[PDB]
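Engineer: Please find one structure pasted underneath; my questions will follow.
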Amino acid sequence: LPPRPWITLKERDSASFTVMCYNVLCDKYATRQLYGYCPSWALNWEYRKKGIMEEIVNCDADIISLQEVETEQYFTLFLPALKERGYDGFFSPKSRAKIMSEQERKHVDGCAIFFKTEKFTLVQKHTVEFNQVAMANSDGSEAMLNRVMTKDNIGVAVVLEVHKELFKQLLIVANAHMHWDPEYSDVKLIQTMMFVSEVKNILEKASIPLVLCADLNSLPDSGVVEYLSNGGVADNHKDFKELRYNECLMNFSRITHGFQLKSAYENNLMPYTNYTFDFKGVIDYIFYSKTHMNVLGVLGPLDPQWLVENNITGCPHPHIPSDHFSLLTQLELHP
Ligand SMILES: Nc1ccn([C@@H]2O[C@H](COP(=O)(O)O)[C@@H](O)[C@H]2O)c(=O)n1
């Protein structure tokens with residue numbers, strides 16, 4: 001497996017730091033039924049976690065956003081190992097409000113944000129529960145209650161002090177993992193607007209640059225990517241499927257947001273971020289405040305001719321420990 005190439009897009013000169021975004025594929029979902037093309041010994045977590053930790057250590061990012069972090073693995077694998085690489089972290093599982101056994105609680109996955117303490121100091125941490133926010137804004141929309149409220153997905157966000165020696169400067173890093181089902185573009189879009197409007201509220205109770213990492217489960221042509229990329233979306237966008245023109249959506253505000261985000265990866269520089277037999281596409285993203293930061297570089301994709309040479313039609317694989325590829329970008333923050 002050849003190393004992935006680092007790409008220089010723009011020359012330095014402010015502070016520069018790297019951000020990784022990575023869905024590690026949790027053990028619960030790494031099954032023969034979903035990934036029958038991958039041998040069971042290569043799906044097993046005691047094997048796969050080595051490649052996952054290797055990928056994270058090699059990327060060596062100043063800030064790390066992970067999805068599908070299982071609760072117990074956060075406390076016994078990721079955080080203890082990354083603490084030795086100079087990180088602290090913030091984790092939150094999905095499904096905190098759901099009743100379940102002690103054993104099941106250990107295996108619920110969530111989102112984690114790690115940051116190197118020599119460069120950042122955590123000032124606030126927050127968990128955004130999409131089901132609670134949907135429920136609180138569901139008046140007059142059966143679809144909000146039936147379709148959006150019933151999905152357990154979350155995002156997390158931290159407010160960080162960017163240390164002066166990298167140049168009281170603050171940055172917000174947000175990390176979310178949206179509902180997956182392709183028949184539910186309305187849920188994905190509403191979850192995205194809910195997350196962005198709740199992050200905006202985090203600002204006020206604290207303008208400030210944003211780095212938004214997420215497994216959006218949304219292709220680049222989607223309503224969520226347009227919403228994140230153009231600062232808003234019409235309320236009658238087709239991804240709402242009806243109720244398009246519903247008034248409850250304006251609570252998250254045409255529905256607009258004041259951020260001015262661009263994607264760190266822009267022109268299918270990676271042709272996909274999720275790579276399985278049945279589905280290949282870009283559904284993972286790193287967005288940043290374009291009026292505050294430049295992109296100085298990104299980590300290019302795994303050489304596709306190698307995947308071709310080795311007849312690899314889906315991941316994970318004995319030498320690729322997730323069905324997602326990591327995203328890694330170096331940003332340059334300007335006061
Ligand atoms: N537009 C989209 C986005 C995701 N998906 C499905 O969701 C899967 C991704 O799941 P996760 O991102 O939650 O791991 C894909 O492999 C695919 O089966 C889809 O079928 N259509």
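Engineer: Could you pull out every one of the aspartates and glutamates with an alpha carbon less than 18 Å from that of residue 168, ignoring same-chain neighbours closer than 8 positions?
Structural biologist: Hits, sequence-local ones excluded: 118, 204, 332.
Engineer: Once you sort the root eigenvalues of the Cα gyration tensor of region 69-154 as a ≥ b ≥ c, which label holds: rounded (a/c under 1.5), prolate (a/b larger than b/c) or oblate (the other case)?
Structural biologist: Working: a/c = 4.06, a/b = 1.79, b/c = 2.27.
Judged from the Cα gyration tensor, region 69-154 comes out oblate (a/c at least 1.5, b/c at or above a/b).
Engineer: Within the chain, what percent of beta bridges assigned by DSSP are antiparallel, to the nearest 5? List each step's numbers first, then the result.
Structural biologist: Working: 60 of 71 bridges.
Among the beta bridges of the chain, antiparallel pairing accounts for roughly 85 percent.
Engineer: Still on this structure, I have one more. Output the pairs from 28/188; 125/290; 28/50; 28/116 with a Cα-Cα distance over 25 Å in this structure; if there are none, say none. Present the calculation step by step, with values, prior to reporting the outcome.
Structural biologist: Numbers: 28/188 22 Å; 125/290 23 Å; 28/50 17 Å; 28/116 29 Å.
Exceeds cut-off: 28/116.
Engineer: What do you get for GluC sites (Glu not before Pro) in region 87-140 restricted to DSSP loop and a cutoff of at most 12 other Cβ within 10 Å of the site's Cβ?
Structural biologist: Working: sites: 102, 104, 118, 129; in loops: 118.
Sites meeting the loop and neighbour criteria: 118.
Engineer: Sticking with this one: Under 19 Å between alpha carbons, and skipping anything fewer than 8 positions from residue 238 in its own chain: which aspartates and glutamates qualify?
Structural biologist: Partners found: 142, 181, 183, 186, 221, 226, 247.
Engineer: Which of the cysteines in the chain are isolated, no other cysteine C-beta under 4.7 Å?
Structural biologist: By the Cβ distance rule, which asks for a partner under 4.7 Å, the isolated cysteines are 26, 38, 59, 111, 248, 315.
Engineer: Once Rh for the chain is found with the Kirkwood sum over Cα pairs, what is the Stokes-Einstein diffusion coefficient at 20 °C and 1.002 mPa s, in µm²/s? Can you show the working numbers first?
Structural biologist: Working: Rh = 20.3 Å.
Using the Kirkwood radius from Cα pairs, D works out to 106 µm²/s.
Engineer: Within a 10 angstrom radius of the beta carbon, how do 306, 45 rank from fewest other beta carbons to most? Present the calculation step by step, with values, prior to reporting the outcome.
Structural biologist: Numbers: 306 11, 45 17.
Ordered by Cβ neighbours within 10 Å, fewest first: 306, 45.
Engineer: Which of 117, 273 has the fewest other C-beta atoms within 10 Å, and how do the rest follow up to the most?
Structural biologist: On the way: 117 13, 273 23.
Fewest-to-most ranking of 117, 273: 117, 273.
Engineer: Do the sum for the chain: with -39,500 (n - 2.57) for every DSSP H run of n ≥ 4, divided by all residues, what is the mean residue ellipticity at 222 nm, to the nearest 500 deg cm²/dmol? Don't skip to the end; give the middle numbers.
Structural biologist: Numbers: 8 runs with 72 residues, N = 335.
When only DSSP H runs of four or more count, the value is -6000 deg cm²/dmol.
Neighbour counts run over all protein chains shown; Cβ positions are idealised from the backbone, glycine included. Values in this text are rule-based calculations from the coordinates and carry no lab data.
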